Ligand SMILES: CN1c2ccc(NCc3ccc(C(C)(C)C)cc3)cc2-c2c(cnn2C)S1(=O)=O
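First, one chain by itself: the form deposited without the named molecule, in structure tokens.
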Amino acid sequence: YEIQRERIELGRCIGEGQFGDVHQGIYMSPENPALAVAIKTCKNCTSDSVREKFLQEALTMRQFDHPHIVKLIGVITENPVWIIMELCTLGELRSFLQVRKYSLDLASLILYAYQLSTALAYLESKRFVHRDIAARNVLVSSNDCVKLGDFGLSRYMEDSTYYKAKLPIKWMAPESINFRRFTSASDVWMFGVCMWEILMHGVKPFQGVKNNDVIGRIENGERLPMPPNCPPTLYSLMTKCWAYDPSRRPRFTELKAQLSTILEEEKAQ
């Protein structure tokens, strides 16, 4: 899993991470075609405690191998420490959705929700609780492929460090907001919010509502409204993710199967 720095061509900065800037680049793989990659850099990895924390993020991604989760390519443990990830060429999902708005076919939006449900069913199969499922952590590899982004770079995951700028209340299950309970069932609640975000073309949930007012509305039975053009079967599926009792929420394998049916019904106009 070690990569040699002379095989990396560093390109433009595509974002800022907790440990340092993230760049786009090219990895000249030995005896293979060159790959487009994302490079996580570390500014203070001279410190052993910082270096080990940064390298733990690469080990977290190394344990996963799924077509809709960004893949670890390798690490450069020489000073300055770099983590090499696969690049999702088209960038962040919210920006991509905000450009296209109604020009994206409904079949593409449902496909994105289905692809994420396969990655979340895979994480659930490994007994891994995400805790930060939101459209901001989703990347676009091509017009017909989205992926979950790096877990370390995700602002509110369990082992993620904080950025200079507390909790994503508008995405969280009631038991997570009230008692900090995070399970596979609370991940299902967040995924229903993420599906709503996709069908709303990158609009954020509960805009203009204060975080403290969200739990009162949820306890009164209020939910995010049906997005314009969203098929009623898809909205019904979202409301099942938002069952107040977590034991009544479906698991990711069921959401995957139902989304595949919804997608095939839309493709048959």
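Rigid core here is just the name for the largest C-alpha set that superposes within 1.5 Å across the two forms. Numbers follow the displayed sequence, beginning with 1.
For the cut-off of one third of the other compared entries, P225 stays well clear, since all of them model it along with its flanks. Per the records, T161 is among the residues left out by at least a third of the other compared entries, whereas the shown structure includes it.
Missing deposited residues between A165 and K166: 1 to 3, all without coordinates in the entry. For the segment pair 63-71 and 42-50, the entry gives 42-50 the higher mean B-factor, averaged over Cα atoms. Per-stretch averaging of Cα B factors for 257-265 and 244-252 places 257-265 on top. In this entry, the residue among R127, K101, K147, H130 with the greatest C-alpha B factor is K101. Which of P205, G216, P231, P225 has the largest Cα B-factor in the deposited entry comes down to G216. Sort the modelled residues of the chain by CA B factor and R136 lands in the lowest third. The deposited CA B-factor of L237 belongs to the lowest third of values across its chain.
Among the modelled residues of the chain, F179 sits in the highest third by CA temperature factor in this PDB entry. In the deposited entry, the Cα temperature factor of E92 sits in the bottom third of values across the chain's modelled residues. Per the PDB record, residue ranking by Cα B-factor puts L111 in the lowest third of the chain.
Below: the form deposited with the named molecule bound, not depicted.
Take the named molecule as it sits in the deposited complex, overlay the site C-alphas onto this chain, and 3 or more of its atoms land within 2.4 Å of the backbone or a C-beta, so the site here is blocked. Relative to the named molecule in the deposited complex, residues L148, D187 and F191 are all within 4.5 Å by at least one heavy atom. Of the candidate stretches 103-111, 133-141, 74-82, 173-181, only 133-141 has residues whose heavy atoms lie within 4.5 Å of the named molecule in the deposited complex. This chain is displayed alone, yet in the deposited complex one of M61, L237, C42, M200 has a heavy atom within 4.5 Å of the named molecule; that residue is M61.
Interface residue among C241, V70, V214, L224 relative to the named molecule in the deposited complex, by the heavy atom within 4.5 Å criterion: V70. In the deposited complex, no residue of 166-185 lies within 4.5 Å of the named molecule by any heavy atom. Only one entry in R223, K53, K204, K240 has its C-alpha moved by 2 angstroms or more between the shown form and the other one when the rigid core is superposed, and that entry is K53. Relative to the superposed core, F252 undergoes a Cα shift smaller than 2 Å between the shown form and the other one. Comparing the forms between the shown form and the other one, the C-alpha position of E86 differs by less than 2 angstroms, with the core used for superposition. After superposition on the rigid core, the Cα of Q24 moves by less than 2 Å between the shown form and the other one. An increase of at least 3 Å in the separation of the C-alpha atoms of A135 and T253 is found in the deposited complex, compared with the displayed form. In the deposited complex, the Cα-Cα separation between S176 and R136 shrinks by 3 Å or more relative to the displayed conformation.
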